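Shown next, in structure tokens, is the structure this report addresses.
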Protein chains: 2
Amino acid sequence: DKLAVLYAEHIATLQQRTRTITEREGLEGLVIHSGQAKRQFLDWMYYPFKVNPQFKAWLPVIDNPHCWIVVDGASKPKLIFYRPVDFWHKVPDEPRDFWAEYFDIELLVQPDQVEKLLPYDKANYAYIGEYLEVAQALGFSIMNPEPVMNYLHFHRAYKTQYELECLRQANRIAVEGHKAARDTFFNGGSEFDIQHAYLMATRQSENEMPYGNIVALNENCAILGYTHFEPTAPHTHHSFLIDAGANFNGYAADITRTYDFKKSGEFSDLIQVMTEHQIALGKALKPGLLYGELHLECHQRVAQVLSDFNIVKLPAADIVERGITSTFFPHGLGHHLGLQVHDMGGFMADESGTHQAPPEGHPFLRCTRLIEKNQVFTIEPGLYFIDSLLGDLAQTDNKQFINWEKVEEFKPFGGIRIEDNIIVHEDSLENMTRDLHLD
Amino acid sequence: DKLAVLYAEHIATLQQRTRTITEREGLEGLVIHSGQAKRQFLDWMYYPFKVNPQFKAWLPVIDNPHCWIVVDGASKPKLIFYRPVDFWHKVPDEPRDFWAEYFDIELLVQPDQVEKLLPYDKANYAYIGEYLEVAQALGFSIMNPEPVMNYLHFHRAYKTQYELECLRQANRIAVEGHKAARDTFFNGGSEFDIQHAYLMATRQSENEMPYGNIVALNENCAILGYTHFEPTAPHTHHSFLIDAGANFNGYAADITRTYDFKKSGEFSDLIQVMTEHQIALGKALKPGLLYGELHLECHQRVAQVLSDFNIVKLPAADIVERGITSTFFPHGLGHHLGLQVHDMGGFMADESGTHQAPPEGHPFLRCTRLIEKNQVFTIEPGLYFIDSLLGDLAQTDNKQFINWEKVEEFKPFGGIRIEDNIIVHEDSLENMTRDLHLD
Ligand SMILES: [Mn+2]
Ligand SMILES: [Mn+2]
Ligand SMILES: [Mn+2]
Ligand SMILES: [Mn+2]
Ligand code: NA
């Protein structure tokens, strides 16, 4: 209903984007390939299918390989829809959902017979997809041209009302998962149990997740890319960091929360001060501001915490200026969110693809684009006690300034990250995560 | 330590097989590549890693890409082990498992630095792996040579004692899941509930499964390649079919069971009749017998059931000769089981790759090899009510012999498959599945 109505403006937006970039580049149209299933080496089984983001930008068809979109922004969008009729698969119903009527739909019963449906002379058609040797066999010469990709990726940061509603739906699902995971942690669950309570609440399997969930207990919290799920619980429950989202129509949620098992003590205090900073930074998104400036503020807030909690024996400014904050907060403040988890265009200054430079002391900041309305952001400040980086810091002049006893007291708890998904509007902010009352 | 004792003989067998085909094909050795992580098109996320079956044939390292085995059958096997050292990665300590003492281990810190650790002259070295341009760029000319592949695949049918013990462990894990899945079905749970009850009892996540589980309710049991997990339970529970396994050290279980929600009725009797036929088919495994003959016997037995239940109003011999039996049982009786679900060499007559011809009226039969000691088989007779196959039958000159009223009563139950994993010994058969008291 609501989604069906908004979808028309979504097709209109993408039609106008196609017309603009195709005509600017002298192309008669785009051919966007959903992708193919990858077969495993020496085996008959396939890897799980992952749709081309450029394909699902047009319609919520994320589980169908060998599908093709032909668009020029002037004709009605043309869709080749893979629909095999083998007896060992449930034949799917011909496309009858809200997006069907916005396309002229040709059914494809076998992947290799796709050349009849594609354009005969395709010298002025750009193939957008991963399978370049399949494209060359079909007769395409232009493949993923950089001006077309950079244009599309740049305007991906401006979500249509259909996309906004999809991102809201994804946050509603993910938030239900986060609540069930929290409860499982406080009842003494293992990482594996917490993870599968999450999926049971989301009604989405491991491979439907938009990214590999991070479900960490105790010192695993300090491991940023922790992917394992330990099946047996730890003997003592201290902390819990879950980074997990959900999918809706190809769009992603991306939520992180950190919990203290005792819900009191110095680590519990650390979560709450970090929560204050996270809420404040999340309220600092505003059109016309460079995202890197929020990353700057975040480091100052982390330094204030390090100073106030006696983690570093320095006032806040010194901890920022000597670069010690990046030992405890080593990643960017956040990124754009949408069809991809770390969405496209976050580092661009213009639609040609020029990079927007990061701030002076953070050359690895990846999201530096100017904030505008209709853009969706993550805000994920963190403070971690990472053995590896603490080791680096002990080999510097800064070794004298860190309270090594107090850091040993926090190492069992690992670290903290608190992440929301916020829509930036013309004169307001919409925090999708906290409007669903997670906390 | 039981498993570690058997592993020494395993490596002696692998060393000897390597030396045989290596010198027969005039190679100085093999270079077996574990694989790489496949990155998502225009993303930073990756696909779940799946190890090269030839790599894990040597060792139970199934979650590490960029690993290399250099083996010639005479020298101590060399293992280049990928151990990256990054702050966001969990640094695991140097390999200290039961298999480590059997390899000269060199640590690989960055994937592209492997050029130094491989043999300098690669003229007579064969690369076994998927990433052929990576091999060409390292200097390999010999790649997955067919004489080597056919030899190694042929002899994978003869499991070592280490391999038989791993297969028993896989079955034990899977049987626990099958008990949990069954209990959730009788609780009225959804397909999604059952699947995740299975994962939780086995304490393995969806991607650690050796294949995509088939968890089907009611009509979905008739769909042989069903992968969906419906999150909403059906209003009426009639039937449940689950085909699922588990991993142990790279070796797979593969167990199928069918259940009737009421523990009574004609479908319940059909399951029970099919069960006794499945037990008799499984007890017909015998050294010196062609596996195709059991597939013929299976078709004979399914015709018996179709006649006995008045699905087809014909003597069983006339059901077989007229070919009606494939409409209800369209796949093979089973396959070899091991490192891969449908394991290698089940089509071969000799170690050079020569195919063993399938039986008369079954040219697509995949498993045909001569049964011998130390081989592992599945026995999966089936009986299904498949719309598109039943439609084709309704348009043949046998249509008057089919009891369409009874077939219509069976359609909401879908179908039946019962699958066990059986080791063939010299003087006995070891039904791993039924030895675990699953029923
Ligand atoms: Mn994020
Ligand atoms: Mn996240
Ligand atoms: Mn099987
Ligand atoms: Mn099976
Ligand atoms: Na042996």
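Just so it is clear, the values below take in all heavy atoms, side chains as well, and ignore hydrogens, waters and symmetry mates. We name chains A, B, ... by the order of the sequence lines, and we start the count at 1 in each one.
For the pair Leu199(B)/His196(A), a side-chain contact is recorded, criterion being any heavy-atom separation below 4.5 Å from C-beta on. Taking the side chain as every heavy atom from C-beta outward, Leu108(B) and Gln113(B) approach each other to under 4.5 Å. Proximity of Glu206(A) to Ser205(B): side-chain heavy atoms (C-beta onward) are separated by under 4.5 Å at one or more points.
Between the side chains of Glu419(B) and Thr256(B), at least one donor N or O lies within less than 3.5 Å of an accepting N or O. Between the side chains of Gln15(B) and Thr18(B), no donor-acceptor pair is found at a separation under 3.5 Å. A donor atom on one side chain and an acceptor atom on the other are found under 3.5 Å apart for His335(B) and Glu380(B). With hydrogens and angles left out, the side-chain atoms of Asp420(B) and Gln278(B) include a donor and acceptor closer than 3.5 Å. A donor and an acceptor atom, one from each side chain of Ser34(B) and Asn52(B), are nowhere located under 3.5 Å apart. Between the side chains of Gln340(B) and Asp43(A), a donor-acceptor pair is found at a separation under 3.5 Å. Side-chain contact annotation: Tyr127(B) with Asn144(B), donor-acceptor N/O pair under 3.5 Å absent. If you check the side chains of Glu165(B) and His10(B), you find no donor sitting under 3.5 Å from an acceptor. Side chains of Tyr47(B) and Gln40(B): no donor on one and acceptor on the other come within 3.5 Å.
Look at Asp387(A) and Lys411(A) and you find a salt bridge, because one of the NZ, NE, NH1 or NH2 atoms lies within 4.0 Å of a carboxylate O, short of that distance. Between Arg172(B) and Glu176(B), no side-chain nitrogen of the basic residue sits less than 4.0 Å from a carboxylate oxygen of the acidic one, so the salt-bridge criterion is not met. Taking the charged nitrogens against the carboxylate oxygens, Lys159(B) and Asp343(B) do have a contact shorter than 4.0 Å, which makes a salt bridge. Ion pairing between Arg168(B) and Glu430(B) holds under the 4.0 Å rule for side-chain N and carboxylate O. A salt bridge links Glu130(A) and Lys38(A); the closest N-O separation between the charged side-chain nitrogens and carboxylate oxygens is under 4.0 Å.
Of all heavy-atom pairs between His178(B) and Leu438(B), the closest is CB-CD1, 3.9 Å. Of all the heavy atoms in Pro48(B) and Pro48(A), the pair that sits closest is CG-CG, 3.6 Å. Across every non-hydrogen atom of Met45(B) and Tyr211(A), the tightest pair is SD-CB, 3.7 Å. Scanning both residues, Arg257(B) and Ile255(B), for their nearest heavy atoms gives NH1-CG2, 4.0 Å. Nearest heavy atoms, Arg203(B) versus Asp193(A): NH2-OD1, 2.8 Å. Nearest heavy-atom pair, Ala216(A) versus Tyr226(A), reported as atom, atom and distance to 0.1 Å: CB-CD2, 3.9 Å.
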Checklist entry - Please walk me through it: do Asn249(B) and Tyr162(B) pass side-chain hydrogen bond (donor to acceptor under 3.5 Å, both in side chains)? => result CA-CA 10 Å; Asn249(B) 279 20; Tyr162(B) 168 74; 2.9 Å; yes
Next on the checklist: Checking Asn247(B) against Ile62(B) for the side chain to side chain contact (heavy atoms under 4.5 Å, CB included) test, could you report, in this order, the C-alpha distance in whole Å, the side-chain angles of both residues, the deciding distance, and whether it holds?
Outcome noted: CA-CA 10 Å; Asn247(B) 167 77; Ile62(B) 73 178; 3.6 Å; yes
Checklist entry - Can you list the steps and then say if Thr13(B) with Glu9(B) is a side-chain hydrogen bond (donor to acceptor under 3.5 Å, both in side chains)? => result CA-CA 6 Å; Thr13(B) 299; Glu9(B) 179 262 345; 3.3 Å; yes
Next on the checklist: Please evaluate residues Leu429(B) and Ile423(B) with respect to the criterion side chain to side chain contact (heavy atoms under 4.5 Å, CB included), reporting the C-alpha separation (whole Å), side-chain torsions for both, the decisive distance (0.1 Å), and the verdict.
Outcome noted: CA-CA 6 Å; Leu429(B) 309 169; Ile423(B) 313 176; over 6 Å; no
Item to check | Steps toward side-chain hydrogen bond (donor to acceptor under 3.5 Å, both in side chains) verdict (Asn207(A), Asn207(B)) | outcome: CA-CA 8 Å; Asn207(A) 285 313; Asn207(B) 280 323; 3.2 Å; yes
Item to check | Working for side-chain hydrogen bond (donor to acceptor under 3.5 Å, both in side chains), residues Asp254(B) and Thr378(B) | outcome: CA-CA 8 Å; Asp254(B) 185 18; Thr378(B) 61; 5.0 Å; no
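Of the listed residues (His342(B), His295(B), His336(B)), just one forms a ring pair (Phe, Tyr, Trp, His ring centres under 6.0 Å) with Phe377(B), and that residue is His336(B).
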Can you list, pair by pair, the side-chain donor-acceptor contacts under 3.5 Å of residues 77-92 of chain B, counting residues two or more places apart and other chains?
| unit_1 | atom_1 | unit_2 | atom_2 | d |
| --- | --- | --- | --- | --- |
| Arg83(B) | NE | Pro92(B) | O | 2.8 |
| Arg83(B) | NH2 | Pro92(B) | O | 3.2 |
| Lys90(B) | NZ | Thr227(A) | OG1 | 3.0 |

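Figure legend: cation-pi geometry between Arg369(B) and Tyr158(B), with NZ or CZ positioned under 6.0 Å from the six-membered ring centre and within 45° of its axis.
Taking the six-membered ring where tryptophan is involved, the planes of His299(B) and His362(B) are essentially parallel, since the angle between them stays under 30° and well short of 60°.
Qualifying salt bridge (charged side-chain N to carboxylate O under 4.0 Å, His left out) partners for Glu426(B), counting only residues two or more places apart in sequence or in other chains: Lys373(B).
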